[PDB]
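Asker: I'd like to ask some things about the structure below.
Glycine gets a Cβ as well: all are built from the backbone with ideal geometry, and neighbour counts include every protein chain shown. Numbers and lists here come from the model and the stated rules, or from a named source; none is laboratory data.
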């Protein structure tokens, strides 16, 4: 099971590929578009890219409930470590 | 991109290949006149030589020993006061002058001069008179056009009496007038297309140097196409039509600027990523040159599918467009790539002046990919709702409304309609050829019988024959009437010189050149068939010619050839897409999306033209619009699909979304430019050309806004693994481990 730092780094790299916000900006204690300004449709973009190139599913039902990068990384953890 | 191959050769030989292309431009524009001049002087006929109407009229001329060509012009004498003896003198002078010029005038039917048929030519109110002149050359040909001009000059030369004017109209005059209108409007349409392209390129690139270089690319490519086609037409290698000239100019300029936008957008995207000039140019070539080859192949083949039709307009639209577009695409791929190469070294000419817009297109691609089914259903409905225009769509053949009303033929028709019915100035020639002599009493009883039968046909207003010199005069002709000099003159004017064929002038009730005329031609033929049936003269031929039979042949050929050419264009464009992408499913998706976009384009164009413009859609507009849409929309879909295939390496969904982000601005700019260049035909005096251009422009706006943007990527994301059959492509790749933090 991947730990905090590598998953945060992967998300930061995908943000680079998406917008370009510097990787050290992303941190599991900060917030999302009310802080770091990536839209809900661009959450859909993040989710589809991370499903493709990282092989982890993200449902649309749980996408709206993710309002921090900490929330999405926690979702990644309790979707990955369950076999 | 690997620095080698054709791209390397174009890179090193950029300046020599620019010089070679410039030399080709100079040669093609210095040894052959311009496209407009050669198109005017090498215009193709209106109807095929094998058409029943053309052979019928040629048989008319051969049997009657009057003319040898299928071209008729009416000469209408409209006077404020009733046409008196001064009008008769003026008309006789016109007839004498026409007979004095046998080079362009083959025969003149002196109906008004002879008193026996004089009242036949005059209008019911006795204010206007008309005379038929059979000129030289098949209708629509350059010979027929110059014959019409000579007839007009002859008419204008004679001093008309006060209060009386003469106009030259008719089918051949209508074709000459359409050529004149196109020559009038070509300058303004070219200026409008230049202005639109300049405006769009200023909006997109925002760089003066970039737009000047792109304009040089486009102008030199268009000059190459025009010079090649003018060289072919001048040396009689291929036929040509004014439709072909106008549509070729606009398609050449629009496709050349689309290829320019494709190459410049790819180069600028590569530069924005971070690749230097060499690597950026090589990447642009390796990712867009094959796309441009494919686009040119699709356009050339789609137009070439019209070459296998029957009518000479589509025949002269097929090969010239194919050659012109092939020249445009070769000019793009060679000289535009060379220009990009040489300008890359020169400072920062082609460096993008602003950050390329990808965030919006990337979000749109996310919306497409995540929910492909709703997007696909929405765009399918939005493109099918256009098909609601079928119950009510009309395909009027009335070329009078499609030409300016100030033209000589339109003014002649306007003068005719003020005193005659719409049909009496577009009559029909009929006869029966007896194997024996036709100057017999029983033969004239049979002639009167067939005249009465054809008059009794619904929708036929006026019939003219030896027994009926006018619209309407137990019957019996005594033998002593044979020696009447007036009757002998009527015989010579109505019977064949050997006395074996009798000609009939048929005037319809409604429009002779509307579908009513087509359903009238077969009725006339069959009715004459049973009228001659059961008679001692039975066994004759029923050659019926004129404008109505001509348009009957043209409309049946148009339906069959449009269907077969659409099917051929579908198959050929699918073959080209399969050749490029090596994916049968992707090619099928491209073709299907373009077909549904065609449905939407038909709906929108029919709506606008037939409902708010008020002018019914011309028949060839459908064929040319279908061909150009299958070309250009499939080209845009091919570019998108090729970008998707390049981006697949990171995954299917992410590949589609990255491809959309990278090419959305490029493809939407190119599609907007092409659509606006096609709508630049809206100012063409040929309202048929305006209809073609508006239809194609609206169709391509639909293609780029919703079809290419939504339908194609939605289908691609919905299919996924099977979108690239038989190429074995995986789903989202193997899950990469989460990277070690930096």
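Asker: Out of the residues in the stretch B:139-171 meeting the condition of being buried (at least 23 other Cβ atoms within 10 Å of the Cβ) and either outside the structural domain of residue B:89 (by TED's automatic domain parsing) or farther than 18 Å from residue B:108 by Cβ (or both), tell me which one is farthest from the chain's Cα centre (by Cα).
Answerer: B:145
Asker: Go through the stretch B:714-731 and give me each residue that's crowded, with 21+ Cβ neighbours inside 10 Å and within 13 Å of chain A (Cβ to nearest Cβ). Walk me through it before giving the result.
Answerer: Filtering the stretch B:714-731 down to residues crowded, with 21+ Cβ neighbours inside 10 Å leaves B:714-717, B:723-724.
Hit for the stretch B:714-731 is B:717, nothing else.
Asker: Also: Among what's in the stretch A:59-83 and is facing chain B (nearest Cβ under 10 Å) and over 16 Å from residue A:8 (Cβ atoms), pick the residue that is surrounded by the most Cβ atoms within 10 Å (Cβ to Cβ).
Answerer: Going through the qualifying residues, I end up with A:63.
Asker: Let me ask something additional. I need the full set of residues from the stretch B:197-211 which are surrounded by fewer than 19 Cβ atoms within 10 Å (Cβ to Cβ) and in a helix (DSSP H, G or I), in order please.
Answerer: Once the filter is applied, which keeps residues that are surrounded by fewer than 19 Cβ atoms within 10 Å (Cβ to Cβ) and in a helix (DSSP H, G or I), the stretch B:197-211 yields B:198, B:199, B:202, B:203, B:208, B:209.
Asker: What number of residues within the stretch A:22-55 satisfy the criterion of being assigned to a helix (DSSP H, G or I), within 13 Å of residue A:69 (Cβ to Cβ) and more than 7 Å from every other protein chain (Cβ to nearest Cβ)?
Answerer: So in the stretch A:22-55, the residues assigned to a helix (DSSP H, G or I) come out as A:23-25, A:40-54.
Then keep just the ones that are within 13 Å of residue A:69 (Cβ to Cβ); that gives A:23-25, A:43, A:46-47, A:50.
Then keep just the ones that are more than 7 Å from every other protein chain (Cβ to nearest Cβ); that gives A:24-25, A:43, A:46-47, A:50.
Here the count works out to 6.
Asker: Taking into account only those residues within the stretch A:1-21 that are more than 24 Å from residue B:649 (Cα to Cα) and within 11 Å of chain B (Cβ to nearest Cβ), which is surrounded by the most Cβ atoms within 10 Å (Cβ to Cβ)? Can you show your working first?
Answerer: Step one: list which residues in the stretch A:1-21 are more than 24 Å from residue B:649 (Cα to Cα), which gives A:1-5, A:21.
Applying the additional criterion that residues be within 11 Å of chain B (Cβ to nearest Cβ) yields A:1-5.
Numbers: A:1: 10, A:2: 18, A:3: 10, A:4: 14, A:5: 14.
Filtering the stretch A:1-21 for residues that are more than 24 Å from residue B:649 (Cα to Cα) and within 11 Å of chain B (Cβ to nearest Cβ), the one surrounded by the most Cβ atoms within 10 Å (Cβ to Cβ) comes out as A:2.
Asker: Go through the stretch B:1-39 and report how many residues are part of a helix (DSSP H, G or I) and either outside the structural domain of residue B:181 (by TED's automatic domain parsing) or over 22 Å from the mean Cα position of the chain (by Cα) (or both).
Answerer: If we filter the stretch B:1-39 for residues that are part of a helix (DSSP H, G or I), which is where we start, we get B:6-12, B:14-30, B:35-39.
Narrowing further to those that are either outside the structural domain of residue B:181 (by TED's automatic domain parsing) or over 22 Å from the mean Cα position of the chain (by Cα) (or both): B:6-12, B:14-30.
The number of residues fulfilling the criteria is 24.
Asker: Residue under question is residue B:328, and the condition is that it be in a helix (DSSP H, G or I) and either touching a strand residue (DSSP E or B) at 6+ places or on another chain (Cβ under 9 Å) or over 30 Å from residue B:20 (Cα atoms) (or both); does it hold?
Answerer: no
Asker: Could you say which residue among B:671, B:699, B:693, B:661 is over 18 Å from residue B:581 (Cβ atoms), within 14 Å of another protein chain (Cβ to nearest Cβ) and crowded, with 24+ Cβ neighbours inside 10 Å?
Answerer: B:661
Asker: Further, regarding this structure: Taking the criterion of being farther than 30 Å from residue B:130 by Cα and away from every other protein chain (no Cβ under 14 Å), would at least one residue in the stretch B:353-370 satisfy it?
Answerer: yes
Asker: Could you pull out every one of the helices (runs of 4 or more DSSP H) wholly within the stretch B:332-418 that has 1 or more residues that are farther than 27 Å from residue B:206 by Cβ? Break it down stepwise before answering.
Answerer: Numbers: elements: B:337-345, B:359-370, B:372-384, B:408-417.
Where helices (runs of 4 or more DSSP H) fall fully within the stretch B:332-418 and carry at least 1 residues being farther than 27 Å from residue B:206 by Cβ, they are B:359-370, B:372-384, B:408-417.
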